[PDB]
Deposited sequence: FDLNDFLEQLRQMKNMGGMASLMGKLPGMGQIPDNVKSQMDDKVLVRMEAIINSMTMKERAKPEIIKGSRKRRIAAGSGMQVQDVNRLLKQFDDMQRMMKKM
């Protein structure tokens, strides 16, 4: 279960904007995304790093709730 998936699922259009600013590898291995990449993605989708982390925060809980069934 990756971010390509999480995508298939005003605050929603902005949640796509962010993933839309990532690369295939970042969607395939979210963990590889540290500060530098966060920065690239925030500016790339007119957001703020906090916003991204937020989106990253969600996927994590969503993924975590995927390793429980």
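According to the record, no C-alpha positions are given for deposited positions 10-42 alone, numbered from 1.
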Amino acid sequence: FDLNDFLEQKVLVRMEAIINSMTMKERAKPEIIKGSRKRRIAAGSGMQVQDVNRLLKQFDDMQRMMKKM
From here on, numbers count along this sequence of modelled residues.
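Here, rigid core means the biggest group of C-alpha atoms that superpose within 1.5 Å across both forms.
After superposing on the rigid core, the larger RMS C-alpha deviation in 8 other deposited structures of this protein belongs to 10-18, the other candidate being whichever of 10-18 and 51-59 remains. Higher average CA B factor: 50-58, of the stretches 18-26 and 50-58.
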